[PDB]
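Just so you know, all these numbers are worked out from the coordinates, no wet-lab data involved. Please note: Cβ atoms are built from the backbone with ideal geometry, for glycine as well, and neighbour counts cover all protein chains shown.
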Amino acid sequence: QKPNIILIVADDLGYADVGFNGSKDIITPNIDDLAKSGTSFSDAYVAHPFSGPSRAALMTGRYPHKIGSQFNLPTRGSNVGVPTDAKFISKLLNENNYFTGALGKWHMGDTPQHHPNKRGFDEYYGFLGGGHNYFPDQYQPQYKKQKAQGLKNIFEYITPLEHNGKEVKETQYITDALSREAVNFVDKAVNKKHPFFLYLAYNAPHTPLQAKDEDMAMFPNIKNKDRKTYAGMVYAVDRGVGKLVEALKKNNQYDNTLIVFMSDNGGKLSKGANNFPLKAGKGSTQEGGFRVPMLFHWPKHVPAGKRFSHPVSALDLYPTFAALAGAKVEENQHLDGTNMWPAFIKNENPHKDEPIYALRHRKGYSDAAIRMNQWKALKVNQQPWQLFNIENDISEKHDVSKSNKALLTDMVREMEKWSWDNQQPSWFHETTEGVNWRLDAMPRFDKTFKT
Amino acid sequence: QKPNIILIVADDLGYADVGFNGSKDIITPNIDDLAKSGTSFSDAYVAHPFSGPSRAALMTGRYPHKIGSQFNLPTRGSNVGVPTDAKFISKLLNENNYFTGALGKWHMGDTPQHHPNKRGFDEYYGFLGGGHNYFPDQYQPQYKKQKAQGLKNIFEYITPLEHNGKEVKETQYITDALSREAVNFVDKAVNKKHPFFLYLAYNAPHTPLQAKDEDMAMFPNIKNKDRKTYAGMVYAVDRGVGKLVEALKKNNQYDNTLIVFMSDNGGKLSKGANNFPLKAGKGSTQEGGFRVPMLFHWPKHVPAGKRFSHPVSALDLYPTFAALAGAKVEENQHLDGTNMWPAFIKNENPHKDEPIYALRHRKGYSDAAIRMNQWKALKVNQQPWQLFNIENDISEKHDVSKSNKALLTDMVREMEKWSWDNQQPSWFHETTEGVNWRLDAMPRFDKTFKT
Amino acid sequence: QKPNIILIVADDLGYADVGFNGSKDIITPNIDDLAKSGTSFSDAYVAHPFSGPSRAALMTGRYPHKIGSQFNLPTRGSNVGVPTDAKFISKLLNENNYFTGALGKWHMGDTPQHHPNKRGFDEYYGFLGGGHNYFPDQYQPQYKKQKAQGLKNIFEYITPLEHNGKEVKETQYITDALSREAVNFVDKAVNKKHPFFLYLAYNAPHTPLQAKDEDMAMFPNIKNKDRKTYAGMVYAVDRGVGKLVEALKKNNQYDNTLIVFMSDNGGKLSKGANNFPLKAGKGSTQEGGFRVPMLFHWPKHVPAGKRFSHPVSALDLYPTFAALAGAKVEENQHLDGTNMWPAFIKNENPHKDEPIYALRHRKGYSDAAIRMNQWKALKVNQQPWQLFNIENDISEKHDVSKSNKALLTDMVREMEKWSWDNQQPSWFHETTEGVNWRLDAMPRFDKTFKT
Ligand SMILES: O=S(=O)(O)O[C@@H]1[C@H](O)[C@@H](O)[C@H](O[C@@H]2[C@@H]3OC[C@H]2O[C@H](O[C@@H]2[C@@H](O)[C@H](O[C@@H]4[C@@H]5OC[C@H]4O[C@H](O[C@@H]4[C@@H](O)[C@H](O)O[C@H](CO)[C@@H]4OS(=O)(=O)O)[C@@H]5O)O[C@H](CO)[C@@H]2OS(=O)(=O)O)[C@@H]3O)O[C@@H]1CO
Ligand SMILES: O=S(=O)(O)O[C@@H]1[C@H](O)[C@@H](O)[C@H](O[C@@H]2[C@@H]3OC[C@H]2O[C@H](O[C@@H]2[C@@H](O)[C@H](O[C@@H]4[C@@H]5OC[C@H]4O[C@H](O[C@@H]4[C@@H](O)[C@H](O)O[C@H](CO)[C@@H]4OS(=O)(=O)O)[C@@H]5O)O[C@H](CO)[C@@H]2OS(=O)(=O)O)[C@@H]3O)O[C@@H]1CO
Ligand SMILES: O=S(=O)(O)O[C@@H]1[C@H](O)[C@@H](O)[C@H](O[C@@H]2[C@@H]3OC[C@H]2O[C@H](O[C@@H]2[C@@H](O)[C@H](O[C@@H]4[C@@H]5OC[C@H]4O[C@H](O)[C@@H]5O)O[C@H](CO)[C@@H]2OS(=O)(=O)O)[C@@H]3O)O[C@@H]1CO
Ligand SMILES: NC(=[NH2+])NCCC[C@H](N)C(=O)O
Ligand SMILES: [Ca+2]
Ligand SMILES: [Ca+2]
Ligand SMILES: [Ca+2]
Ligand SMILES: [Cl-]
């Protein structure tokens, strides 16, 4: 009965950089097959416009602000991570008889208690930090040189990958390696006789921009060097997905597996991405920062060849997966999303008359976003709040706040109300950021929620 | 054996605005009956000079500073409240076989976990915020208009009352409605065969100043408009108390019930109150802010026709009620008051040689108060500490700090010692207040405890 | 089988002020006997360069920064202390069948929950604060005068000593009294038939500088008044140790007891100490502040007549004692030291390629220290980081940072990484210190970890 679940998350994948979500230049046949025989989502949102807090939200089902995880972890390492008392969806599923696997990027804490194996994943194969260099032939010599020199703070992008806490010596381009271990994970799952949960966290197409020549060779008409490199990186993810689907079919897992494919946040335009038709990109509270491609694939359950047009949150995956797995959630987990399945099946808005938030901190102020029904409220760059009918003005060109004053004020005040149980950040991505936070009396919600 | 307990709390009731505590113009016959056949308290103190933290202290038996509840909750709503790990007196009594009821004003959190029904009250009938408009005929149309317009942040003074989480349509003037449900609560209690605890939290005579014509008609010689309205509001509370006593007598509950009547803080002089002979009023650390009327009534147990002249704290009610109920308290609850009954029965000071504190935060500084034996230390308006022999100088006219230097310094240093386990505020009543707190490096206890 | 353990800690004992660690003027025959038949440590470090946080670290096995105890407790008293959820080594040993005793200075909280008897000591005889006056004849009349005057905030240096919460009337010079009760403790231990742990926390030679004439008489060639007084104070500790060893031999405990003797921090040069050949003293992150004398004595187990030359931390005592006692440690205790015994027995560095830290907060900035293998990194007085080859430059005269840039930067970045799970201080030693902390947006780790 109970389905296997695969959550595939690309890292900094631009909105228009898969074929099912409008790519004209990058070609993603295998990812598009899953979209063509499943349902894609035109209004899918992550809980934060960059990696660490977005991933924290995927795993915990909570806005990262509620659990002190509003910032990326310190870039040079730390002994902190996403709080251990917020149960990960993997742990919940593992407690309900799932064989659990995590692959690739973690970015949620690298201490013993924060490690994938202590957050409910039986299997982990990957790198624990914010990304990685893609070619072992490049990074392994650099790590050797630095380690032999006696350095202990070695940049996490060149450190060896690990398998369940034991270091390995990777031989393949990282995207191919993660795809290979996805196949290995689902092949191991055959014998288990319970259902499985796989969290596949590709670092592609996140920087550094490094692609195989064989992949870049498939895009001879992309003349921009970065865009061709980026295209090659995305194509490697597509090959990977193809290799995984192959294995699922061989093992007779394909038909009873829910596959979710998405990005952790918007594309970085200066590093090869395209977020058309959305404004801006990674880190923004404009749509381009936190509105992402998403597809569901599960034959006979997810309708084939459809596009779901109502708002869905990455926060919804926790209770949705939980309900589909027959795993009970507790009220004291304070889940911020909803089980979207009943509304999804009726082609209705699972967040009818309810807001979806983004709140991204900057130096001495915060940018914010509110999506509810047709409306997108926007607080950016210390401008006054703006309002867009996002259903007809997806690119956020036509501020209609002047003619909907009471509605806008109401949305902002509800966000203000929501903000009070946000915890003080438990860390920042740089030491100076934490010092500035304190110096600036943050959060400056007097500015953020001013109407 | 074990007595029923009723805690009646008026909201912003002035010190001289009941007959038993010296009113010459407002007439409160039923409240005065309870005083005449019981004991009133000339030196009764609440733990904070305004609502939210005072109520937090009544329920938890802790100074609100110890539990992060030094401020009123955000006026436009929030998902925060008085910490769930500080057990409410209602919860303790409920755990020891009491049928528990709360009526009227809450002001201690409106989330599911902070709701009266989750803080140990079997029955709740009231409004969860800081107050309410008094006439359904006035507020219900306003709420209809706003709700039909699609507004979600609706001012809590016009929102519908509820009964155990289900919304109701109130038909009576709020003070009469709460009195009616007090009767209903004690009538329900007859069948239960356990003792009962009723927390009756009238919003009268708190703003808005709104009275029935029939009540105002009883004060033809009060020419000041606000004072007449206020008098009418207090008279409605007296009628209510009378209606409740009536029901207690009918049910044979009267003789074995401990009735406590008090205010949550001092009267607001600009909104109809009189705190004679005390200086200042609501929010002050002068006596007028946190010294309140109080009576106990319990035939054969509380002496009849007496006035107890020693300091008593609202903090004492938790362990006193607990002891009278045979409910065990634990050392790790960190109760800040004392079981006052043994000293009360011997007509001795239950806080002999021990301080009672007030500490009220302002913009960039704090006002403070210390009551111990005959002495009142006062820190106000960024003036140097003052000292009064409050037994001979109740109006705080004669600063004798110059001639008791060592005593004053000693009292202040003991308060400074007490301040270290005060928690940072978990919320503020406005966003800007919290920003100013952070900007001003609060608490500025270098100013507050300077000698 | 399992050994008794005695941890003797002098308070502000200078580096060169015992004979085994190079004293030419102070003579410490009994302490030197333990060194001569045991192993002394040339590179022994406490976790903080002053009392409260150093002691917190000894007892918890954690850097005090991890548990909010980076500052001394408020000098005029408080209701805070070292967190009750960090299990004390005494509690652990008590749970593993040890008879436990603490003597003399506590300085880790004086509330019921923070009291020695609630932190795993069966016996406590001493004073709970930061120090004490040494002559009962002097302090007892002062305390009587103040107590009879009705003062409640009485300076903790004159308050009566206590035995398990009950006040006593001490008749001897405090150092002699503590020594006497050490004898009484080990005599009580004879009957118990389990092993024992004694924590002997002398306040000597900490201020006030007060010595017996009979002790000062032994140093006729010390002409400096303070140095002679200080010498006499240290000699009283030596007599005490001699009296204790006497009792251990009488009771047949000597041979199966591990005796550790050390200081809580470096000597205060302006109050009689000598830290030769180390730079600076008490409170500094120069070697003189946190590098201390230390000896182990345990016949047949600790080699006799040796000097161990590798870094050892006071943090190591918790897991080392635990392992020697057969007491299990849990991963979730987050111990910061190591069981040094296996490396110690092989004459190898128990902190090979691993740092030992000091981080001491000042007004608006922090001083820091890193010891790893031959290297000492130093951050002091808001100067740029310095680096010394501490093995050939113990006095920190020759900054070689210019020629080891990459190593120094790497060490600092590793400290920066370590800093993220440091908690905000739960208290300060003065109210103004806490206000300045907040005003200065502390910690200013942007300055501290700048390279
Ligand atoms: O004032 S501050 O607060 O401190 O900082 C600025 C601003 O105020 C911040 O609020 C803002 O926030 C950003 C968001 O959260 C943290 C900030 O950056 C995040 O995105 C990260 C992404 O930019 C980064 O990409 C890096 C580049 O490629 C990989 C990463 O490291 C590389 O550089 C290294 C180099 O340092 C080393 O010495 O040599 C290496 C050689 O291989 C390498 O160079 S390279 O490989 O040739 O490129 C590049 O800079 O990745 C991180 C994750 O690791 C973040 O991505 S993600 O995880 O968020 O998806 C957010 O956008 O930042 C302001 C300035 O930091
Ligand atoms: O500027 S700040 O830093 O943010 O704060 C200032 C200062 O620094 C603070 O120390 C000080 O603290 C005060 C104390 O705690 C919070 C502050 O106010 C508290 O008292 C509250 C009480 O004033 C308030 O009364 C209001 C008036 O009557 C009812 C309440 O709302 C009314 O107005 C509404 C109106 O806004 C709405 O649009 O229409 C309604 C219907 O027309 C209604 O109008 S009405 O017809 O007049 O009723 C009035 O303004 O009630 C709250 C509880 O609900 C507090 O009372 S109590 O719970 O504490 O007993 C404390 O004194 O605040 C400074 C800035 O105010
Ligand atoms: O208040 S501040 O302006 O913030 O303090 C400043 C600095 O900013 C701050 O960093 C520094 O911190 C000192 C450090 O920790 C607290 C401060 O004092 C400690 O040492 C103490 C001894 O000096 C004190 O000795 C006193 C002396 O003899 C006995 C004591 O009282 C007598 O009256 C006499 O003055 O004893 C303390 C323990 O009781 C403590 O000693 S301990 O070994 O640390 O316990 C330490 O250096 O303080 C600056 C100004 O004070
Ligand atoms: N396991 C040990 N304790 N080894 C250290 C040497 C022990 C040896 N008996 C000695 O006293 O020198
Ligand atoms: Ca990303
Ligand atoms: Ca009030
Ligand atoms: Ca010391
Ligand atoms: Cl710190």
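Summary of values
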item	result
Share of alpha-carbon pairs per 10 Å distance bin for chain B, given as whole %	4, 22, 33, 27, 12, 2, 0
Amide H partners (placed H, <5 Å) of residue C:294, local residues excluded	C:41
Shortest-first nm distances, residue C:172 label point to equivalent points in other copies (7 Å, Cα→Cβ)	7.6, 7.7
Region A:225-260 residues near the modelled residue A:214 label - backbone nitrogen below 19 Å, point 7 Å along Cα→Cβ	A:229-247
Label geometry 7 Å along the beta-carbon vector: residue A:345 inter-copy distances in nm	6.4, 6.4
Over 18 Å between alpha carbons, listed pairs C:376/C:402; B:379/B:417; C:397/C:450; B:405/C:152; C:300/C:352	C:397/C:450; C:300/C:352
Equivalent ellipsoid, region A:7-165 (semi-axes from 5 times Cα gyration tensor eigenvalues, Å)	28, 22, 16
Inter-chain shielding of C:149-155 (mean C-beta neighbours from other protein chains, 10 Å cut-off)	5
Within chain C: Cβ-based charge dipole about Cα centre, in debye rounded to nearest 20 (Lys, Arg +1; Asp, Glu -1)	360 debye
Cα-projected label distance for residue B:353 with residue C:169, points at 7 Å along beta-carbon direction, nm	1.8 nm
For residue A:265, distant residues with modelled amide H under 5 Å away	A:12, A:13
Average partner coverage of A:427-438, which counts Cβ from other chains inside 10 Å	4
Check: the protein assembly as shown dipole with +1 on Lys, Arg Cβ and -1 on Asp, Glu Cβ, in debye	800 debye
Residue mean of other protein chain beta carbons inside 10 Å, C:326-337	1
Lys/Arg +1, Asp/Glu -1 at C-beta; region C:1-143 dipole; positive extreme among C:7, C:48, C:94	C:94
Built amide H within the under 5 Å cut-off of residue C:281, gap 5+	C:289
Pairwise FRET efficiency - residue A:309 versus residue A:389, Cβ, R0 = 22 Å, nearest 0.05	0.95
For chain A: relative contact order, % (alpha-carbon pairs under 8 angstrom, 6 or more apart)	24 percent
Simple label model, 7 Å out from Cα along Cβ direction - residue A:97 to residue C:2, nm	4.4 nm
J(HN,Hα) series, region A:407-414, from Karplus relation 6.51 cos²θ - 1.76 cosθ + 1.60, nearest Hz, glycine and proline x	4, 4, 3, 4, 4, 5, 4, 5
Inter-copy separations for residue A:220, label at 7 Å along Cα-Cβ, nm, ascending	10.6, 10.7
Dipole of chain C, positive end: most advanced residue of C:235, C:153, C:384 [Cβ charges, Cα centre]	C:153
From phi via Karplus (6.51, -1.76, 1.60), per-residue ³J(HN,Hα) for region B:5-11 in Hz, x at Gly/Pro	10, 10, 9, 9, 10, 7, 10
³J(HN,Hα), Karplus 6.51/-1.76/1.60, whole Hz, each residue of region A:140-146, x for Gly, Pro	4, x, 5, 4, 4, 4, 5
Cβ charges +1 (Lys, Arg) and -1 (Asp, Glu), total dipole of region A:49-177, debye	380 debye
Contact order relative to length of region B:177-237, as percent, for alpha carbon pairs under 8 angstrom and 6 or more apart	32 percent
Counting all C-alpha pairs of the protein assembly as shown, share separated by more than 48 Å (%)	46 percent
Sequence ranges B:145-153, C:193-201, C:153-161, A:106-114, ranked by mean other-Cβ count within 10 angstrom, highest first	C:193-201, A:106-114, C:153-161, B:145-153
